[PDB]
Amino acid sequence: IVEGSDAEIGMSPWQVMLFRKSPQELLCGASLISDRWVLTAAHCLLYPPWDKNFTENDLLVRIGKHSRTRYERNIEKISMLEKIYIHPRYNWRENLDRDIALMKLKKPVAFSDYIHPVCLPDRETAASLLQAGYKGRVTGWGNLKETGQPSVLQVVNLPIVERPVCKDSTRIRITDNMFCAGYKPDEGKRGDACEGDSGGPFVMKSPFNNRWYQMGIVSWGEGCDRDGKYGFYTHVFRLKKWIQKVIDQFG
């Protein structure tokens, strides 16, 4: 996260770290959506241009974390993966359309002060909150700059951007399964996701029921925190029918 700040303790208790076993390193962010299911970006697991194709046994999920590198004894919980599910129409060839994946844990994780699931939006909450100017919050342990790495989880709040501005900022083909967020050059403030933040959540706190909803997944961007560029996020609600299909079939 570029131009963010240190998270407060328990600020993002749905935050998940995807952790590579060997070599032991941060792979991606992710989010906890129930005691047995974790949501992330497909490109965190499958991206053939970079020879990335992880299997369940390659990875661990670390939940309840704050420090990036520490083993947070008596706080974090480490889970093994039972199964990975990637969206069947994930477009790794072109533009990361439908950049979404689910991971089922081998065993349920115990909730605590530091571990708690985020809500997924309904049609109404998405329609109400996914509006240009409305801010969400992005969290992760990714790079602090485009070209180092944080001690603890970082957070930044960013406004959703009008679709034509998103489209005009890039040569990549944008789809309805994406939205973009970030400040404009004239808006002064800044901030962005960066490499390592992939798969983490873009969340909004509903002013109607005071619950946090995951509206987006950190997907892609051209550089980090560049003027006139914006971060792109998987549109969770647009892909919710797939999420529900997978959980209903395999849950």
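Residue numbers run from 1 along the displayed sequence.
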query = Hey, how big is the hole between residue 147 and residue 148 in terms of deposited residues without coordinates: none, 1 to 3, 4 to 9, or 10 or more?
reply = 4 to 9
task = State which stretch shows the higher mean Cα B factor in the entry: 153 to 161 or 118 to 126.
result = 118 to 126
note = Of 241 to 249 vs 1 to 9, the stretch with the larger average CA B-factor in the entry is 241 to 249
key: Candidate set 43, 189, 211, 62 [ranked by C-alpha B-factor, highest]   = 189
query = For the listed 185, 196, 207, 216, which has the peak Cα B-factor recorded in the PDB entry?
reply = 185
CA B-factor placement of residue 83, once the chain's modelled residues are sorted into thirds = highest
query = Is the Cα B-factor recorded for residue 50 in the lowest, middle or highest third of its chain?
reply = highest
ask   = Going by what the PDB entry lists, where does residue 96 fall on CA B-factor within its chain: lowest, middle or highest third?
value = lowest
key: Position of residue 31 among the chain's modelled residues by C-alpha B-factor, lowest, middle or highest third   = lowest
remark   = Chain thirds by Cα B factor, record data; residue 75 belongs to the middle
